[PDB]
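Scroll down for the structure; my scribbles are underneath it.
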2 protein chains.
Amino acid sequence: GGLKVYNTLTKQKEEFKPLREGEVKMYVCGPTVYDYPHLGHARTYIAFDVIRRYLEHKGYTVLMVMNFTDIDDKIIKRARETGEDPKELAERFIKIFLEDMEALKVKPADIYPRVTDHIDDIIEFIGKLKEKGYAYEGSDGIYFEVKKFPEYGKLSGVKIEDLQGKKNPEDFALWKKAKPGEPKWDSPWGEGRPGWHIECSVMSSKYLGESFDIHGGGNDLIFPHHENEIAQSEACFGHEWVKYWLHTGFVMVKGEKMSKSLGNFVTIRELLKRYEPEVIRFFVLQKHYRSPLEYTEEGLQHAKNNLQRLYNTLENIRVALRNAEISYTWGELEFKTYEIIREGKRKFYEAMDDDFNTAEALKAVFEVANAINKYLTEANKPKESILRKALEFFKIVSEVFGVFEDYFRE
Amino acid sequence: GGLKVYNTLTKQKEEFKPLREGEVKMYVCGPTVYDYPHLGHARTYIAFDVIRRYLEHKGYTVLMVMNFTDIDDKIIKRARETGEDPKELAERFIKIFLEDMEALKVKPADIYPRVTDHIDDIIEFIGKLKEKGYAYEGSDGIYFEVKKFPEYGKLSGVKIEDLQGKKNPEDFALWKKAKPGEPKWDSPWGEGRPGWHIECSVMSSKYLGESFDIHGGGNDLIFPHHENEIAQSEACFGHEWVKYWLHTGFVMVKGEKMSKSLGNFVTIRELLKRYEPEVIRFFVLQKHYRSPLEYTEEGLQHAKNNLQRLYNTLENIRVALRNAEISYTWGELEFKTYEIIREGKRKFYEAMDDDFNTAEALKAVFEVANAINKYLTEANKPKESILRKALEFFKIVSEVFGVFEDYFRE
Ligand SMILES: [Zn+2]
Ligand SMILES: [Zn+2]
């Protein structure tokens with residue numbers, strides 16, 4: 001009956017037990033700030049925001065850390081294309097991303113560590129990796145050696161043999177020596193930049209300790225990004241680093257993966273010009289977070305229509321509460337409605353406890369809404385207690401899913 | 001650890017396991033509506049409202065039924081004194097009690113059954129008792145026989161030998177034949193009125209099923225009222241009737257019990273004329289619901305001062321949130337404040353799980369408030385995440401205790 005989560009590390013559903021009672025330390029991989037956020041970022045971060053909201057709803061104190069990679073080769077390439085500075089562009093798109101997450105009613109992360117503010121910690125981490133023998137120096141930087149970590153391939157399941165101044169093809173850069181014209185920082189191994197995988201591990205170990213509960217990200221990050229993270233962390237610490245791994249499914253456009261490389265990406269700013277943020281949240285939440293999400297305009301229209309139906313139900317409840325009277329007795333209709341509301345709340349909690357299955361939770365919500373509409377149609381004089389219980393259930397739904405916020409604000 | 005409640009039937013703390021998953025059926029003995037409510041009713045109903053709020057906060061659907069004894073010999077006495085019809089006085093004081101409970105921010109019960117609306121059910125229950133060999137017909141009505149029920153006295157601990165148209169002194173009235181000038185109802189045993197004990201059992205069995213979870217009331221209701229209800233229900237049904245019995249402690253005035261018999265009672269409306277509803281709620285919640293409450297003006301002043309301190313803390317948080325910035329990193333002060341807030345929430349839940357101990361919960365609340373005041377004093381630029389977590393904790397406290405309503409409603 002407890003909350004179970006799907007662990008990608010074991011590829012199975014396990015009962016959720018945090019390391020420290022009453023606290024969930026969750027880390028999610030933030031976006032790379034070089035262009036406007038698209039629907040994949042919205043899907044991933046809305047799913048993890050709903051996970052955070054539900055964990056807080058169950059009584060946990062959630063410390064959520066989302067990194068802000070503000071230096072990368074893609075960022076430098078974009079700055080060179082636009083003739084800007086790789087830092088001004090990063091700051092501008094960090095602000096754009098924060099505004100977009102604020103618009104989508106996503107709760108801001110508790111800490112937003114930046115790479116440029118944690119260079120020394122990364123350098124110390126790479127030095128500690130080198131003194132343990134897990135790193136070597138190449139002609140163009142410091143590289144991590146995969147074969148010295150026997151448990152490589154634990155998360156994704158990719159074998160080393162399949163992967164086969166870098167010694168081995170499967171090795172990866174921990175510190176890259178600087179090219180002329182690009183940003184760089186002083187280091188004992190030469191002036192350069194950090195790698196694309198050391199940053200998240202360094203920030204997570206700095207702000208959450210050597211071990212925390214939940215590491216999150218996109219499904220593409222399973223390999224090589226998160227495998228690199230777990231390899232580096234267990235090489236540096238020698239013990240388990242992340243207890244539960246959560247990955248959101250891909251967003252699909254006409255049967256292919258949504259990404260900026262193929263150019264089939266729709267920005268959040270573009271969607272906001274056509275749909276309300278709660279409509280986008282409902283469209284994201286209509287599918288399980290591990291399942292692929294097919295992006296169609298008809299799907300968004302259907303989500304809009306369903307959200308409008310729920311809005312109409314809430315407005316009808318509000319209107320009926322103006323003339324609702326106290327119940328000195330309950331008929332068969334009142335007991336039927338109460339039973340449906342109670343069963344809907346139980347099914348909502350059961351669905352959210354089953355790997356955050358928001359689809360069944362929405363099914364329960366719609367069952368409760370249909371029952372309330374039937375009760376308001378059939379009851380000659382609506383009872384105040386029934387409407388109050390319905391509003392309590394919808395308030396729980398609002399707190400968990402982040403919808404109906406304007407209705408319950410008033 | 002799960003939620004534990006103090007069962008008076010076993011006189012010990014037991015893990016709270018409802019009969020049906022996700023549903024708690026609670027029954028509270030209502031007030032005798034013939035005079036203005038006093039502080040004892042406020043204490044009892046505020047304690048049970050906090051219990052209901054916490055049970056709903058834990059995910060349970062709570063169906064709470066509070067009965068109304070609109071016909072009573074004391075009501076007839078007051079009606080004869082005032083020269084008013086008993087029913088009109090009963091209805092007027094029903095309205096007065098509802099207004100007083102609405103003022104005290106007490107959530108209304110789902111069902112409010114009335115004795116005058118359930119005469120036929122009471123007659124059916126008495127007939128079922130008679131045909132089961134548990135009641136007899138006396139000179140002035142129908143009386144329940146205690147000797148037929150061997151388990152009498154398991155709640156209050158009172159022995160039958162200590163208690164020794166009634167066959168036995170320990171017998172009690174089930175139906176009382178109508179005296180001239182009194183309201184009367186037709187019955188197979190003659191015109192009369194129901195007793196004060198049959199109503200609660202009849203209404204509870206009617207609206208909460210055959211057996212429900214929680215039966216509540218004052219400490220004076222342990223004997224004879226609730227023992228009589230146990231006897232009637234277990235004689236009529238032949239199985240367990242109530243799983244958990246909760247009784248609020250007495251309210252003391254100058255070391256003696258407060259009741260209208262001694263004339264040392266203060267009405268709720270007088271305190272409302274002198275204090276705010278949340279101050280009265282805080283004063284009630286300063287002590288455990290099972291512990292006696294000493295009514296002093298200095299105690300109310302201290303509760304008002306503590307609630308004003310909490311209001312000042314919330315106002316400081318609100319003011320600081322206007323200039324609060326996001327967190328790119330956390331210093332030792334931010335981590336210390338976060339740790340204290342997390343531990344305060346954990347201790348709040350641990351205290352409320354320990355037989356609804358509101359005193360320890362309030363101590364945790366004040367610890368969190370002191371920590372956040374210290375943080376706002378020593379923070380040169382407060383972080384938005386820390387203030388948001390503090391506001392979430394205080395929102396949980398507001399939802400459970402029913403205080404801070406104005407701050408979070410706006
Ligand atoms: Zn990462
Ligand atoms: Zn009673």
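All ligand and atom numbering here is 1-based and tracks the order in the structure. Computed over heavy atoms, backbone and side chain alike; hydrogens, waters and symmetry mates excluded. Chain letters run A, B, ... following the sequence lines, proteins first, then strands; residues in each count from 1.
The side-chain hydrogen bond (donor to acceptor under 3.5 Å, both in side chains) check on B:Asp120 picks up nothing, with sequence neighbours excluded.
For a distance threshold of 2.8 Å, the protein N, O or S atoms nearer than that to the Zn ion (ligand 1), listed by chain and number, are A:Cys29 SG, A:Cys200 SG, A:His225 NE2, A:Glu229 OE2.
In this structure, the side chain of A:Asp213 engages the main chain of A:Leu19 through a donor-acceptor pair within 3.5 Å.
Ion pairing between B:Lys154 and B:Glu234 holds under the 4.0 Å rule for side-chain N and carboxylate O. By the 4.0 Å N-to-carboxylate-O rule, B:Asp35 lies too far from B:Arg78 to be salt-bridged with it. Salt-bridge formation is not detected for the pair B:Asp171/B:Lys166: no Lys NZ or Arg NE/NH1/NH2 atom is positioned less than 4.0 Å from an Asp or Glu carboxylate oxygen.
Within a 6.0 Å sphere centred on CH2 of B:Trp245, heavy atoms belonging to other residues, nucleotides or ligands number more than 12.
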